[PDB]
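Heads up: the structure comes next, in structure tokens.
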Amino acid sequence: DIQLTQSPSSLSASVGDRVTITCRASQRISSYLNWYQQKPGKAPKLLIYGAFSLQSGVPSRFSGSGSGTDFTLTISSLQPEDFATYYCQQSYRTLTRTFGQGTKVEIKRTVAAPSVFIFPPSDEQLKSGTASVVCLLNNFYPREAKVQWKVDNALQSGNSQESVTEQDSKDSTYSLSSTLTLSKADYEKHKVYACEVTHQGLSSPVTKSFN
Amino acid sequence: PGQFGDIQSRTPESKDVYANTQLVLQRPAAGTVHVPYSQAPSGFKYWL
Amino acid sequence: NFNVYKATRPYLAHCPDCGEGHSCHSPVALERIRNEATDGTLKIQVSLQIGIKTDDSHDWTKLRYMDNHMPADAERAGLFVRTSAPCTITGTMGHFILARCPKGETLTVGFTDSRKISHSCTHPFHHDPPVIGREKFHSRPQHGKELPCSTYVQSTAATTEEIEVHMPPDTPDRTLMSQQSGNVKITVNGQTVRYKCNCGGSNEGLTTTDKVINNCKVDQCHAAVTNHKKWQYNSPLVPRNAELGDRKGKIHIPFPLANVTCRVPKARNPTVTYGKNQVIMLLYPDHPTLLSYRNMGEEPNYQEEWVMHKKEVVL
Amino acid sequence: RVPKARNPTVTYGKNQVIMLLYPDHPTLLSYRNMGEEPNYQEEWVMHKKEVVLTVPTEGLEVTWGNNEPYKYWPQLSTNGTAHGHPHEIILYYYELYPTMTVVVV
Amino acid sequence: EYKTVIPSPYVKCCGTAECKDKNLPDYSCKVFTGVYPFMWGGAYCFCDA
Amino acid sequence: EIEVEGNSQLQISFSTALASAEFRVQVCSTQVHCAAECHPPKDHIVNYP
Amino acid sequence: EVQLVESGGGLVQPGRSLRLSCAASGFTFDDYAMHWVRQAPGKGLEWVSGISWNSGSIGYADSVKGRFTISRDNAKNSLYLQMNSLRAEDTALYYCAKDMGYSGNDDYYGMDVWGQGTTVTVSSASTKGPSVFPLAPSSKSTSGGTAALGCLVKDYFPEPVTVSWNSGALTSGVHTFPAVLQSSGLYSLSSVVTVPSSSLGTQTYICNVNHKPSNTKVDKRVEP
């Protein structure tokens, strides 16, 4: 069992920028490494095979490279159409092909703080025996936002879920949804609810709350 | 093989071709990469 | 045209006789000799690319050939073909040479290098064109009869027959590695090198820059160039790098076969005298001539013979 | 370095081996009996030729050009058959042992 | 007149190459072992087994 | 040699010039008479004695 | 013209089997080896199984080694995968892909042709329809910050829930989120729109929830 290692998350680049993605094995697998390109909602496509040969129909912008045991995929000039998640693969000369985790490419933008809105549980939810407090962060650029829930001025965890949208096609921003789940019986035991948001676009952490 | 009619087709344009040339592949030697073989010469050339 | 060769390269291949009586790898190695034409014209396929420069421009006075790891130019005027005697070249394009050679058992091709070094390759080949008509002649006459024959033409396009070109295999080179005080240099020189070996340092991989292994000996490790931009003909003398070749392209073969008419001589009139139910004739051939006759009846009693000298024949 | 002649096309008859030779250049063909009297014979072949050799009981060894030698031995094959009708039996033994057959009968 | 076609040979330095049959007019395929091929710049195959 | 166990049968091969095979086979001191008609070969020539 | 067409999939209970297949077109099926690859939501590509030409060699991923069987029908130009004893962990999109040769022992090749993966979901749950709740704007405190109003769709089993506003009339300033699987086995998603606070008392906003699997449509009015 030999695993592949790639960039830990994603790269940020603008159009015309040089983008380099690398992939290495913890142990020698093969003499060659393949590259694939995938976009959301679509099946993956072969980009490079044999670590050198470009697949037919693929733009010359893409080329193979490497150093030592590290295989490299290079995009000479990033285009709007080149924003995709790229994967590395090696066969080990058997049917059991091994895939990497993949590296995503995000659109470069300036840093901006999230707009935070808090939505108290509805009457219909409380009548259903449940409660849900929703904290929404709109139009922020950095994806690594930190959001915590507080009830009666105390932190809670393990009782909430988070969802993050894809980068906007026009503003190149992200939206985040954090939901705190409570039972009706426990919801009514508290008087103050708050959402604590920490972000790189903020000069200081911002907290929004309701009774 | 070695005789008239060693290679046959019904029409000049046909993709349906019969051939009997006794083509046998041989082992390479002396570190070379060539592919040696034994095959009867065309019976057409002999006939002509 | 030559646009099809823009992405192609010259290549080296093994030659059974490099002119010294010894075999070697050679830039002028032959791939095949074709003799479909009946007019005696030969069509020779070689690793050399004629009319194409290393800058991919079109120049009929130049040829390009492989030199180690780079393409190089040479004068087309230095190109020659020989059998039992010097052969006349009727035209060239890419990997194909058209020529009219004298009879012989061997055929060779070669050219002069950029360093003024001669290169040649010799292969066995039986060259002995078929007889057209009933007379054996060595040259076309001033006057004679005309008979059908096959030749090659100068057409350079739309021949419909194509040769596959593929990305070349790794190219080994012992000159890439050298030993500098207990370490191995690698010396890439502009071309990506793959290296690996059974060494305790376990140092293997690809490089684009000089890489010093620092533990093993030059006599312990292997290296080759793997990054290639141009494709070459998938010759039987070049190893395949995969079960199925990649970066596939196609080059059409110039000089298609065509139907033409050849001129043949007519033997001079015999001296004829007559006896009783007998015809006596004196034959005066300059070159071997076929004589044959038949009875114009139920039993033709066909007979024939070749005559290579003055002879008295009684029928 | 020397060349090796193409493998010949070979067919068989009764105590007979027929070979078709396809040389590019002149080659030497020779053969001997493997019995007491080798009856050595040889010829040069400069073109496509059909060669018919007779195989003795002891076996025949044939060498062409620079190729390794071939060895052949006869089997007790017949067009007639053992058992059955008396005339089928005589033919069977005649074809295998014609000399003796004529003497015993 | 027939033409004989021989595609570039495939070399597997560290393993056995496999064979697939074809429906061509006259086809043959064979795998040879113990090969140690050389090129102009030196030995081609690293593995000697 | 052959192996014997319990109640079973053994299979052996033989070669003879006889048109009619009539012979005895000796196993471990228990001889058995065996005979059958033999057929001629289809081939005329072989490369072995 | 070269393509692979996936067939089969759908909802199956844990411990039950499901059959998947793919039709080949535009290429010779007998000239290439075939592989199955799956991709779970939020995950990269995972190789599942593969079959060589003429079934010369069969491979499986360790996680399915004793549960999945692969086969091919050359006469029908089709590929089959038999999945037994399916588990929740097997939920993923399943794709067919074509190799670049007849053998899987060639490491110079990748997968050049991919089809359109199908969805296989393994869960002990019924196709429960969604509950819809309004998320009223905090107009009392956010009036100078622009108003944000939305709705919540909760406790539904099937994945493909579509939410829109004002019957598609409102497309600008609209943000929707991917559904999140709950420990209950059910999914939930939220939707929010940003509007001028002065319009809250003049414009009515409707959250339109469309759930195809249950033939259910819910129109929820959202107000301060």
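Residue numbers (our numbering), protein chains in the order written: chain W, 1 to 211; chain L, 1001 to 1048; chain E, 2001 to 2315; chain X, 3001 to 3105; chain B, 4001 to 4049; chain C, 5001 to 5049; chain D, 6001 to 6224. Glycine residues also receive a C-beta, built at the ideal position from the N, C-alpha and C atoms.
Grouping DSSP H, G and I as helix and E and B as strand, with all else coil, what is residue i?
i: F6029/D; result: helix
i: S56/W; result: coil
i: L73/W; result: strand
i: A185/W; result: helix
i: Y4010/B; result: strand
i: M3019/X; result: strand
i: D2128/E; result: coil
i: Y49/W; result: strand
i: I5012/C; result: coil
i: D6219/D; result: strand
i: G3013/X; result: strand
i: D82/W; result: helix
i: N2234/E; result: coil
i: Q101/W; result: coil
i: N139/W; result: strand
i: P6134/D; result: strand
i: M2167/E; result: coil
i: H3087/X; result: helix
i: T6142/D; result: helix
i: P2071/E; result: strand
If contacts are defined as beta-carbon pairs under 8 angstroms, then residue i and residue j qualify, I think. What distance do you get, rounded to the angstrom?
i: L6045/D; j: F99/W; result: 4 angstroms
i: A2029/E; j: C2101/E; result: That pair is no contact at about 18 angstroms.
i: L3029/X; j: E3050/X; result: Not a contact, Cβ separation roughly 12 angstroms.
i: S6007/D; j: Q6082/D; result: About 14 angstroms separates the two Cβ atoms, so there is no contact after all.
i: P2010/E; j: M2093/E; result: With a Cβ gap of about 15 angstroms, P2010/E and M2093/E do not count as contacting.
i: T2054/E; j: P2027/E; result: Wrong, their Cβ atoms sit about 13 angstroms apart, outside the cutoff.
i: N6077/D; j: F6029/D; result: 4 angstroms
i: residue 2316/E; j: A2074/E; result: With chain E covering 2001 to 2315 only, the question about residue 2316/E has no answer from this structure.
i: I21/W; j: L54/W; result: Contact doesn't hold; Cβ gap of about 15 angstroms is too wide.
i: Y4010/B; j: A4017/B; result: 6 angstroms
For residue i, which beta-bridge partners are listed by DSSP?
i: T3063/X; result: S3030/X
i: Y6095/D; result: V6037/D
i: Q161/W; result: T179/W
i: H2014/E; result: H2025/E
i: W149/W; result: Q156/W, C195/W
i: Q90/W; result: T98/W
i: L2098/E; result: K2043/E, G2091/E
Would you mind telling me which residues of chain E sit closer than 7 angstroms to residue i, beta carbon to beta carbon, in chain order?
i: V1035/L; result: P2236
i: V4031/B; result: Residues of chain E passing the Cβ test: none, with the nearest at roughly 12 angstroms.
i: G4042/B; result: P2172, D2173, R2174
i: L1048/L; result: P2130
So, at 7 angstroms on beta carbons, what are the nonlocal neighbours of residue i in its own chain, with the 5 sequence-adjacent residues on each side left out?
i: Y6156/D; result: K6128, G6129, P6130, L6186, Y6187, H6211
i: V6153/D; result: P6130, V6132, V6161, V6163, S6188, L6189, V6209
i: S163/W; result: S177
Closer than 7 angstroms by beta-carbon distance: list the chain D residues that pair up with residue i, in chain order.
i: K4020/B; result: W6053, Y6102
Under 6 angstroms Cβ to Cβ from residue i, same chain only, skipping five residues before and after it: list those, please.
i: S175/W; result: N138, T165
i: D152/W; result: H190, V192
i: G2104/E; result: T2083, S2084, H2127
i: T6204/D; result: none
i: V6195/D; result: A6147
Could you name the residues of chain B that residue i contacts, counting a contact when the two beta carbons are closer than 7 angstroms?
i: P1028/L; result: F4032, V4035
i: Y1018/L; result: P4025
Spatial neighbours of residue i within its chain, please: C-beta separation below 8 angstroms, excluding the five flanking residues on both sides.
i: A2077/E; result: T2061
i: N3079/X; result: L3091, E3095
Residues of chain X with a CB under 8 angstroms from the CB of residue i: which are they?
i: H5044/C; result: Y3012, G3013, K3014, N3015, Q3016, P3074, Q3075, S3077
For residue i, which residues in chain L fall below 8 angstroms Cβ to Cβ?
i: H2014/E; result: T1032, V1033, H1034
Can you name the residues of chain X whose CB is closer than 7 angstroms to the CB of residue i?
i: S1038/L; result: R3006, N3007
For residue i, go through chain B and note every residue whose CB falls closer than 9 angstroms to its CB, in chain order.
i: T1011/L; result: Residues of chain B passing the Cβ test: none, with the nearest at roughly 15 angstroms.
What does residue i reach in chain C if we use C-beta pairs closer than 9 angstroms?
i: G3059/X; result: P5049
Quick one: which chain W residues come within Cβ less than 7 angstroms of residue i?
i: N6105/D; result: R93, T94
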